[PDB]
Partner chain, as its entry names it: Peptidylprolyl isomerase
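Take a look at this one chain, the form solved without the partner chain, written out in structure tokens.
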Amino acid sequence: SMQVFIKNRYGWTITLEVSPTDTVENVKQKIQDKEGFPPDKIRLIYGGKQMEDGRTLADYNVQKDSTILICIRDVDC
């Protein structure tokens, strides 16, 4: 098991079930399943860096119970 939290600019936070080896795109696909956002508009930021689709959570040193910030391109970024 590994949970991470996804927080938007309004403070709304959700929990995802992931693994360290999941890609950033895998996380965007989970957010589309849960909330309906199109992945190509989801921007994820960790440690102030915009996260690349093809890199893994472990490549960003995202830990269990880490928070990743979300914003929607052309909507609220």
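Residue numbers count along the first chain shown, from 1.
Keep in mind that the form solved in complex with the partner chain is not shown, yet the notes after this line are about it.
Residue contact check for residue 4: none of its heavy atoms lie within 4.5 Å of the partner chain in the entry with it bound. Not displayed here, the partner chain is approached by residue 50 to within 4.5 Å at the level of heavy atoms in the entry with it bound. With a 4.5 Å cutoff on heavy atoms, residue 9 counts as touching the partner chain in the entry with it bound. Although the partner is absent here, residue 69 sits close enough that one of its heavy atoms falls within 4.5 Å of the partner chain in the entry with it bound.
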